[PDB]
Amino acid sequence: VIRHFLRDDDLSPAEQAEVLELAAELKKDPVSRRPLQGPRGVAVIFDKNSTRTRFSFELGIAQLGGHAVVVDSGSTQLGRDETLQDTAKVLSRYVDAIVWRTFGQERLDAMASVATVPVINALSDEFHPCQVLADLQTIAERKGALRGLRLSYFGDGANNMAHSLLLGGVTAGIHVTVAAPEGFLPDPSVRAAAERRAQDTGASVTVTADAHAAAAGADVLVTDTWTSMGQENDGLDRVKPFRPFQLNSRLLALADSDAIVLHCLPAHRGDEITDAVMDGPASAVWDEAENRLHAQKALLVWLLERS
C-alpha cells in the first residue's frame, strides 16, 4: 500500500509523531539520509505561484540525493491535454514521488487514485498539510511537548491553513481554536473530521467569532492572508469582516505571556498581521519557513520507506 499525504489526517497521531521526530533529526543532520540517491526523480508541480514551497522542496529533494523536476505555471495546466489519471500513470514511471500545488482537492485525489508513488499536497484550495508539519516542528522546538497546547488561528476560517491547523493540530493533541467572522467558517466535513480525531488525542476544536476570547490564554497565535487569488472576484468585501481578527499587538497581549506567532507567508503587513507582531519577539515566522525544508524531507523519507 502506497502512502499519500493529501491532508493532515492522512497521518495517524503516532505516524505524525514519527515524521516530526525525523524532522528534528534531519534538521541536525541534513544530508545523512539519501533514499533518493542515483539520482531518483521527484515531480514538483506548481499550478500556482510559490517561493517557500518551491525552494524547500527543490533543495530538500536534492539533499536526500534526488533530483526535483520542477514544473511551473508556464506549462499547460495539468488536466487540459490528458486526464489527471493518465498524467499520474506516466509520472509514476519517471519519479519516486509526486509533489503538487493545485486548486481543487479532487485533482489531488484523482492522481493519488492511480499513482504508484506517493502523492504530496504542496497546497490545495482545501489543505496545506506540509505547512502545518513545519508549524508543528516549530512549535515543538520552542515549547516542547505539543499535547495540551492551545493554538488559535485568525482570519478566513474556511481556507487551507484553517483546515490544516484543525486537522494537523488535533492530530498532535493541540487544542485548536478557529476565530473567523460569520459566513467564513470551516468546512463542516473538515470540522467533523477534526472533532473525531480530537477524541483520540485529548485535543478539542473551537470555532468562534470572538477574536479576544480566542486570543486569551493561547500558546500559539496563527494567521494567513484573508483572500486567495480565486476569491478576489467573488463579490465580497473581504477586508471589513476580518479587521477585528487582525493579529496585532493588542491581540497578542491577550495571549499567554510566552505565546509565539506563526504565519505561513507571504504576509500582507498591515492587513492580517502588523509589523510590530511579525517583527517582534513572539514571531517565529522565519524558523517556521526554514522548517518547511526539514519537515518535508522527513515526510518524504517516511512516505518513501512505507511505499
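Residues carry their position along the shown sequence, with the first being 1. If you superpose the two forms and keep the largest set of C-alpha atoms that fall within 1.5 Å, you have the rigid core.
Visitor: Which of these two stretches, 80-88 or 184-192, has the larger RMS Cα offset in 8 other deposited structures of this protein when the rigid core is kept aligned?
Guide: Farther from the shown form on average in 8 other deposited structures of this protein: 80-88.
Visitor: Check whether residue 118 goes without coordinates in at least a third of the other compared PDB entries of this protein that model residues on both sides of it.
Guide: In all of the other entries, residue 118 has coordinates.
Visitor: Counting the other entries of this protein, is residue 231 left out in at least a third of them?
Guide: Yes.
Visitor: Report the stretch with the higher mean CA temperature factor, choosing between 69-77 and 186-194 on the basis of the entry.
Guide: If you average the C-alpha B-factors of 69-77 and of 186-194, the larger mean comes out for 69-77.
Visitor: With reference to the PDB entry, specify whether the mean Cα temperature factor is higher for 53-61 or for 251-259.
Guide: Per the PDB entry, the higher value belongs to 251-259.
Visitor: From 39, 35, 30, 281, which pick has the Cα B-factor that tops the rest in the entry?
Guide: Result of the comparison over 39, 35, 30, 281: 281.
Visitor: By the CA temperature factor listed in this entry, which of these ranks top: 201, 225, 164, 124?
Guide: That would be 201, according to the entry.
Visitor: Taking the entry's C-alpha B-factors for this chain, is residue 102 in the lowest, middle or highest third?
Guide: For residue 102, whose C-alpha B-factor we compare with every modelled residue in the chain, the answer is the lowest third.
Visitor: By the recorded C-alpha temperature factor, relative to the other modelled residues in its chain, which third is residue 82 in?
Guide: Within its chain, residue 82 is a highest-third residue by C-alpha B-factor, going by the deposited values.
Visitor: State the tercile, meaning the lowest, middle or highest third, of residue 119 with respect to the CA B-factors recorded for its chain.
Guide: As the PDB entry reports it, the C-alpha B-factor of residue 119 lands in the lowest third of its chain.
Visitor: Looking at the temperature factor on the CA atom of residue 128, which third of the chain's modelled residues does it land in?
Guide: Lowest third.
Visitor: What third of its chain's C-alpha B-factors does residue 175 belong to: lowest, middle or highest?
Guide: CA B-factor rank for residue 175: middle third.
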